[PDB]
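# what's the 3D shape of this:
(chains A, B, C and D)
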Amino acid sequence: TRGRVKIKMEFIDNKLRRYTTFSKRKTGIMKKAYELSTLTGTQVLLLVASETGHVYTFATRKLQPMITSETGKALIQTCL
Amino acid sequence: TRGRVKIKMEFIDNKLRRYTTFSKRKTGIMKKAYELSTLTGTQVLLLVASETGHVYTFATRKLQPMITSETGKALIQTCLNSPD
DNA sequence: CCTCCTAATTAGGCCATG
DNA sequence: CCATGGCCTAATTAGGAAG
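Numbering: from 1, shown residues only, chains lettered A, B, ... in the order given. Below is the structure in question.
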């Protein structure tokens, strides 16, 4: 097919494409976080919130409280 | 050269090789974070802590306070410095 | 601590499905 | 409706090893 197209760095107006891009890139960066974490053994935290009010997150042991602790969850919710 | 190599998902014992990977991977995931954020217009928060203790971070407008505030910064500090 | 040669690896449309 | 999930290719991204 046309292969991967060089998308211009800008907000995708087409709701369809925007959402489609989100799911893919969301999964991508999530794996990247996992990889960086395990490979170098460094503490990583990732939080992504979709328009659909979904909060996809990834956190390392010592950083989990940021999203798990009531205190952290509160801050997160406040920011959103 | 040989090209890119299939790195087995595990802790890189070779400290120098490890940090080399970290430097690239880090800047890469940071780029991704920016791209996803600006592209889809969604809120993103990234936090990466090196062995050296450096806390490299990135966050979208709404999430900035998470890393730039007494409450936010404190929480980050507590986690990193609390027993495991 | 922050380029080169290449292969590993994401994604982009697009359509399909839970 | 929304979120993935392949398919087919092409744009990136990191190893390894040096600058």
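# CA atoms for contacts and neighbours, from now on please.
OK.
# partners of the lengthiest strand in chain A in the sheet?
Scanning chain A for the longest strand, with DSSP state E as the assignment, gives strand A:43-49. Taking DSSP bridges as the criterion, strand A:43-49 pairs within the sheet with strand A:55-59 (antiparallel), strand B:43-49 (antiparallel).
# save those as a markdown table, and put in distance to DNA strand C and mean neighbour count too.
Shown next, in a markdown table, are those (distance: least, Cα to the nearest atom of the strand, whole Å; neighbours: other Cα atoms under 10 Å in any protein chain shown):
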| stretch | distance to DNA strand C | mean neighbour count |
| --- | --- | --- |
| strand A:55-59 | 15 | 17 |
| strand B:43-49 | 14 | 23 |
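# need the contact list for residue A:42.
Residue A:42 makes contact with A:36, B:48, B:49, B:50, B:51, according to Cα atoms under 8 Å, 6 or more residues apart in numbering or on different chains.
# and of those, the nearest to DNA strand D?
Nearest to DNA strand D out of these is residue A:36 (Cα to the nearest atom of the strand; 7.8 Å).
# which one is that closest one nearest to, not counting chain neighbours?
Leaving aside its sequence neighbours, residue A:36 sits nearest to residue B:25 (Cα to Cα, 6 or more residues apart in numbering or on different chains; 6.2 Å).
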